[PDB]
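For reference, the chain that follows is the form solved without the named molecule, supplied as structure tokens.
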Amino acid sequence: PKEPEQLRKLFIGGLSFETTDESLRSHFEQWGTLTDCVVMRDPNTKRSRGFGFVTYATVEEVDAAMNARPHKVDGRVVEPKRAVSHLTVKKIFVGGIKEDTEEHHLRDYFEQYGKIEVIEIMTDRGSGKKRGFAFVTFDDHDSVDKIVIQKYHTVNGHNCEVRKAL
């Protein structure tokens, strides 16, 4: 069974107006099989709108393309992002971790999604007791985008609620 097409798409902003369906495809085919590749254009003038999208055959190919950023396409650094499920943030809320979850539990799990810059385990302002939630800040938004599309996150035995923060 194929992964849903929405999860295989990359929206590419910041295109050179000279980028075409063919040149966008030639570039992004370096990281996987493209089932679709389109530059958005004005319906009357045919002038590029400066963005487009590519669809890979698999999610692992999307990952490969994102891991190969920055992408310079036809002389311009472009801005690839996964399809919306865009609220482009580098921080997540992690809820449901209870009182026994520590920094290393969160680091060991989340470091496989991206490079972590900050882990903040929330504690009660009055007592110092753990409140059962945390924030994790990454160096890049794609980590967050991969995280929030998963149905489940299991950390320290807890089934966690994870959402984009701020």
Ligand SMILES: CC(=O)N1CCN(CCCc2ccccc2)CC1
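A residue's number is simply how far along the shown sequence it sits, counting from 1.
Below, we refer to the form deposited with the named molecule bound, which is not included among the displayed structures.
Placing the named molecule by C-alpha superposition of the site, using its position in the deposited complex, leaves the pocket blocked: at least 3 ligand atoms lie within 2.4 Å of backbone or C-beta atoms here. Proximity of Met40 to the named molecule in the deposited complex falls within the 4.5 Å heavy atom cutoff.
Contacts to the named molecule in the deposited complex (heavy atom within 4.5 Å) from stretch 43-68: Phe51, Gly52, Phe53.
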